[PDB]
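Colleague: just the starting chains for now, same placement as in the complex:
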Amino acid sequence: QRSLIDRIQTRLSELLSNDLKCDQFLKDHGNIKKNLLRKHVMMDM
Amino acid sequence: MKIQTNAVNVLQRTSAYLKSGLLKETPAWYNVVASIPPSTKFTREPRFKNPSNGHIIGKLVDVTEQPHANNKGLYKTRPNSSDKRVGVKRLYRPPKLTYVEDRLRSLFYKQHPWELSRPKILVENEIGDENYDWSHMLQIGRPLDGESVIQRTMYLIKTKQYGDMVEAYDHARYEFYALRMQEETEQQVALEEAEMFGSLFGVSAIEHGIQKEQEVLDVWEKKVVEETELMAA
Amino acid sequence: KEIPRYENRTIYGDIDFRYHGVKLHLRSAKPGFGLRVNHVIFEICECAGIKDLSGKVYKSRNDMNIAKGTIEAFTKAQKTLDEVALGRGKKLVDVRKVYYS
């Protein structure tokens, strides 16, 4: 549980840091973007 | 007491008196007080920052600011009881002023109790006139005291010549010891030279103490003999 | 002491004051409207220069306490519209009551 929570949070922070990387993540998965990124990152994990 | 209205509105009352005709001649203070309005607000002002140490008053860290776990290993998910209490009294209390030196000073006179016996003068002379470089302990216009040791410790830490408080404190302590040894040697050698060159001293500290002890002991002699006679009967 | 007077004839607004068991309820009045108040208040208004007033006194009706309460209500239970406007940082037009027909 702790690993899952920490990994989710660190990946969210990393992708939020680079906004373009977030858009690339969104497009590969195929403030609205914030929620979409959160959903995709948790679905990844 | 209630905030008093009449003290600060003397100008308004006098103006009413003058315009009504009750008073014919303006008081000499009227124009001056008109030119310099009294301050007529008496408000308790909030304080958000402690000047002594810079601690910020009135700040709460929200749940979002912690994305990680605390020391016990628990994530902060909801506010706790202390966080949900209004802290206006914290704003309106006068902040306590705390300084790092206050600790080291307490250490120094604990480590050297007899340094306390050396008299201190609290009359300030002029504070603004101080021009000190603390690369060295001795300052012109200043005595050599423990506060010099704490000041040198803070100078050492500020320049980062040493890292930890203890190291700089010890270095300043050893400089203090060297300087005080030098002063003690000057005093001893000066007295020896004075006796070497014919100087005659009327009274010394030991004899002065002996004299005072003698007066006190004579009074105590009289009182004890009288009290023994009184108690015997 | 000087008292505020609205248009040099009446009080600025309704005054609800309490003085040592005397409840004063003094209402401003239109021009020409006489002094319709306790006789003590009538005499005090006559000397003060207030021409138009209405009001009622509840609880204690002691004449001395009525008089002292009337003076103290004129002094502290009253504020000029200029003072209100300056304190609120507004022009006098912004604090004047609008006419409704």
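Modeller: Great, that's in hand. Residues are numbered from 1 along each chain as shown, chains lettered A, B, ... in the order given.
Colleague: quick check: chain neighbours aside, which residue is closest to residue B:109?
Modeller: The shortest distance from residue B:109 to any non-neighbouring residue, by Cβ to Cβ, 6 or more residues apart in numbering or on different chains, is to residue B:116 (5.3 Å). In short, each C-beta sits where N, CA and C put it, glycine included.
Colleague: how many other residues sit next to the residue of chain A found nearest chain B?
Modeller: Relative to chain B, the nearest point of chain A is residue A:9 (4.9 Å; Cβ to the nearest Cβ). Residue A:9 has 14 neighbouring residues, counting by other Cβ atoms under 10 Å in any protein chain shown.
Colleague: from residue B:82, how far out is it?
Modeller: 25 Å (Cβ to Cβ, to the nearest Å).
Colleague: with residue B:98 instead?
Modeller: Taking Cβ to Cβ, one finds residue B:98 at 22 Å from residue B:82.
Colleague: more neighbours: the two, which one.
Modeller: The residue with more neighbours, out of residue B:98 and residue B:82, is residue B:98; 11 against 8, by other Cβ under 10 Å.
Colleague: report the central residue of chain B.
Modeller: For chain B, the residue lying nearest the average C-alpha position, counting by Cα atoms, centre = their mean, turns out to be residue B:102 (8.8 Å).
Colleague: which neighbouring elements make contact with the helix or strand hosting that residue?
Modeller: In this structure, residue B:102 is located in helix B:101-111 according to DSSP states H and E. Helix B:101-111 sits against helix B:146-159, helix B:165-196, with contacts defined as 3 or more Cβ pairs under 8 Å, 6 or more residues apart in numbering or on different chains; DSSP states H and E.
Colleague: following the longest one, which helix or strand comes up?
Modeller: Tracing the chain C-terminally past helix B:165-196 and defining elements by DSSP H and E, one meets helix B:205-232 next.
Colleague: now do the buried residues in that following helix.
Modeller: For helix B:205-232, burial by neighbour count (16 or more other Cβ atoms under 10 Å in any protein chain shown) applies to no residue.
Colleague: residue numbers of chain C in contact with chain B?
Modeller: Residues of chain C found near chain B (Cβ under 8 Å from any Cβ of the partner chain) are C:1, C:2.
Colleague: further, place chain D onto the existing structure:
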Amino acid sequence: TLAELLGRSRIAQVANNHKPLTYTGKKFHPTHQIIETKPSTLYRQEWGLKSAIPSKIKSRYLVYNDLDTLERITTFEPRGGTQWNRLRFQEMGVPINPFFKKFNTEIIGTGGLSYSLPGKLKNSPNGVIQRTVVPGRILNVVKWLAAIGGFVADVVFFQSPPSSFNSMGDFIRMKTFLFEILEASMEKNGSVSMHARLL
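Modeller: Placed with the earlier chains, chain D looks like this:
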């Protein structure tokens, strides 16, 4: 800013001390800083404290606890005795090294009493001072203890006590004697154990 200056002000320089001013227990070292005022400032009751000390006080030294209290008095005492003891030690000349190369509260060596070094002797017009002599008072009929120059020491005798001791009994402290300080050592708690000899 004001906070910095207050931190460096002489009133701040005095460490926080709250021990009882009137202490009847054993006294081994100073417990309150001595505050000194110049005669000119004494004339105006200015001691550098928050409030003016009463004009009744004529001494130029005091030891204090509170700048101000609920009773609107400065909690002080008009005593500056301890310095003299320290200074009187310097007259004895007997020497007593931590002064040579997380926070510890032990008394470090001699805690400011004496910063002298053992290996020196006193020259006098008569000649080299072999042994230092100071006057003192034998206190009780007991080893025997003596008040010598502000410190209590245990005196090492030389054959028998002088008959004056037996004749006087408890009035022994009235008469002065001359002692020679054999040795001075400092105990851990801060007491100064000196051994002397009645000549």
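Colleague: mind redoing the buried residues of helix B:205-232 now chain D's in there?
Modeller: B:205, B:206, B:207, B:209, B:210, B:213, B:217.
Colleague: chain center to it, what's the gap?
Modeller: Relative to the mean C-alpha coordinate of its chain, helix B:205-232 is positioned 41 Å out (Cα atoms, centre = their mean, to the nearest Å).
Colleague: that one and chain D, are they touching?
Modeller: Yes: using Cβ under 8 Å from any Cβ, we find that helix B:205-232 touches chain D at B:205, B:206, B:207, B:208, B:209, B:210, B:213, B:214, B:217, B:218, B:221.
Colleague: could you dump those to a markdown table with distance to chain A?
Modeller: Listed next are those as a markdown table, based on distance: Cβ to the nearest Cβ, whole Å:
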| residue | distance to chain A |
| --- | --- |
| B:205 | 73 |
| B:206 | 75 |
| B:207 | 80 |
| B:208 | 76 |
| B:209 | 73 |
| B:210 | 78 |
| B:213 | 76 |
| B:214 | 81 |
| B:217 | 79 |
| B:218 | 84 |
| B:221 | 84 |
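Colleague: wait, is residue A:20 part of a helix?
Modeller: Yes: counting by DSSP: H, G, I helix; E, B strand; the rest coil, residue A:20 is found in a helix.
Colleague: next, count neighbours for it.
Modeller: 7.
Colleague: what residues sit buried inside the longest strand anywhere in chain D?
Modeller: When chain D is parsed with DSSP state E, its longest strand is strand D:177-186. Residues of strand D:177-186 classed as buried by neighbour count (16+ other Cβ under 10 Å): D:177, D:179, D:180, D:181, D:184, D:186.
Colleague: packing partners of it?
Modeller: Packed next to strand D:177-186, using 3+ Cβ pairs under 8 Å, 6+ apart, are strand D:133-138, strand D:145-148, strand D:151-156, strand D:192-198.
Colleague: how near is the residue lying closest to residue B:34 once chain neighbours are set aside to residue B:38?
Modeller: Distances taken as Cβ to Cβ, 6+ apart place residue B:11 nearest to residue B:34, at 6.1 Å, with adjacent residues excluded. From residue B:11 over to residue B:38 the distance is 8 Å, taken as Cβ to Cβ.
Colleague: throw chain E on there as well:
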Amino acid sequence: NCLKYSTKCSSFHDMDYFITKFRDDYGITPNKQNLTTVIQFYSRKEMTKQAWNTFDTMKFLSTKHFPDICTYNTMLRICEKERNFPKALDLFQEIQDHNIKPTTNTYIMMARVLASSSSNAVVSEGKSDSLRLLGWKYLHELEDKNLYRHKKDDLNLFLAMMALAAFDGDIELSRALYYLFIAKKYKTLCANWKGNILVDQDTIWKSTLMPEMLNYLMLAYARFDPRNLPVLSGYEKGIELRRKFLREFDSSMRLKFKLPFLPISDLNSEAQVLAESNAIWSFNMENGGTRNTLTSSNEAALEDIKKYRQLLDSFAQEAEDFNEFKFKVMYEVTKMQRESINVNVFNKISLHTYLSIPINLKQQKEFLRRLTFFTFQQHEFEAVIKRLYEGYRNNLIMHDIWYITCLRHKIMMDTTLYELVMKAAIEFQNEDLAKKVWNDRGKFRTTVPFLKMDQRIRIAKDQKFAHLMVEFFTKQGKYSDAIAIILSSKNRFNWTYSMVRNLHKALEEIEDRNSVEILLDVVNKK
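Modeller: To build on what is shown above, here is chain E added in:
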């Protein structure tokens, strides 16, 4: 920086684009400085409500966003633009309350706000003299302590002083300050000019003559009243300040460059005021004498008529249509007036004050001379263009040519100038002037510049003119005409009691209850 330049050019689209771009693509929201720049934008656009809302948000969002002394100075400037002194004093008290430290700009802004508010009894709430005294007190408070000075602040200070001098009608102080400023400016620029002084006289004098200072001096002239006593005379500090300024002005005059101020410390009569107004006006028109536009000769008249006949009768053929020839004439006159007379000094505002001087001084002849000489009616000008078109394409001709030539001395009579002449008619009680002005206003309504403006502005100006006509007929005693005007245009113009208060008082004094009821029904039907 983006918002700064956008404010400087006053482009709403650029401001909006930059803000939206940063928010959407960079995640940056305006901070305290950017919000202050937005407030200055709103101030430049005369957008006070939005600026106040932005100030409220600056307080609301966070302590980092909280306004500081710069934003408070901007709000004081907004209050100056509004002539809202209670808010200025309240903001000063808030500055003190929040422990924000004032600056020199703060005191100067407060003084200017009070000076502007003290212009009329209506805006000052009947406290004009006290407001001017309070502004002088703020300047003294500035004098007491150094605060933080800015290179521009000094300039601002002097303007504030002249404002307090201008709205007080203190002609002595206004004259002294104007002479001091002009003298120091010319001396400083001549001392620090790379170019030779003689050749570059035009540029140096153009830079020297600040239009606002002249406008304030003319305002001081216009508010002349011989019985007026300066407000600044009452204080001992104020009287000493007056003594210092007047003494320096006198000493400087007694001691190159020369100004046409009369050799007298103060003006005690109306004729001298008119003389100095004309003298300073002509001096400013001529750029300090560098341009000899006002000095005219009949030889110059003939030669100019000849040259402009050549130019115009040549131009007549080239243009495709009357519209293009008229456009060419517009460009010609616009360029000519700038070439001949300073554009900054010669404009609607300065001319308004210049013509307002005689109206207050009650001298009809000088007012009419100035109006005819310095103003041209648009419909007459366009009629002259058509007449010259007919003359050239297929003693009056030289008169039309002389008219086109004289346009370099004249400004178009806008609606405000027509209203000013109507005010002159009311003051002088001249029926002929009112009739001529209403004829010219009706003809001007047809001309393109009036139709260029929005419908709402046109309605507002027409309503102002109708109210002025009603006031004129009320003063003349023709109450029937005033009520006829009010009744005829009840629907197109909203009639309030403020406009018809004089009419109601006049009708009540004669007890015409029927007319009073009709007028009150018109105003209060609502």
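Colleague: same question on the neighbour count of residue A:20, but now with chain E added
Modeller: When neighbours are counted by other Cβ under 10 Å, residue A:20 registers 7.
Colleague: residue contacts, it?
Modeller: Applying Cβ atoms under 8 Å, 6 or more residues apart in numbering or on different chains to residue A:20 gives no contacts.
Colleague: residues touching residue E:330, list them.
Modeller: So residue E:330 contacts nothing (Cβ under 8 Å, 6+ apart).
Colleague: quick one: the helices in chain C, in order.
Modeller: Ranges of helices in chain C, per DSSP state H, are C:39-48, C:63-76, C:81-87, C:92-95.
Colleague: buried ones in the second one?
Modeller: Neighbour counts using 16+ other Cβ under 10 Å place C:65, C:66, C:67, C:68, C:69, C:70, C:73, C:74 of helix C:63-76 among the buried residues.
Colleague: what does stretch E:75-87 give?
Modeller: Those would be E:75, E:76, E:77, E:78, E:79, E:80, E:82, E:83, E:84, E:85, E:86, E:87, for stretch E:75-87 by 16+ other Cβ under 10 Å.
Colleague: skip the chain neighbours and tell me the closest residue to the second one.
Modeller: This means residue E:76. residue E:109 (3.7 Å).
Colleague: was I right about that neighbour contacting residue E:69?
Modeller: No: Residue E:109 lies out of contact with residue E:69 (Cβ atoms under 8 Å); the separation is 10.5 Å.
Colleague: returning to what we had before: of all the helices of chain C, which lies closest to chain D?
Modeller: helix C:81-87 (33.0 Å).
Colleague: packing partners for that closest one?
Modeller: helix C:92-95, helix E:85-97.
Colleague: from chain B, how far off is the closest residue to chain A within the stretch 151-300 of chain E?
Modeller: Nearest residue of the stretch 151-300 of chain E to chain A, counting by Cβ to the nearest Cβ: residue E:152, 41.1 Å away. Per Cβ to the nearest Cβ, to the nearest Å, residue E:152 is found 29 Å from chain B.
Colleague: so which strand or helix has that residue?
Modeller: Going by DSSP H and E, residue E:152 is part of helix E:151-166.
Colleague: over to residue E:101?
Modeller: With DSSP H and E as criterion, residue E:101 is part of no helix or strand.
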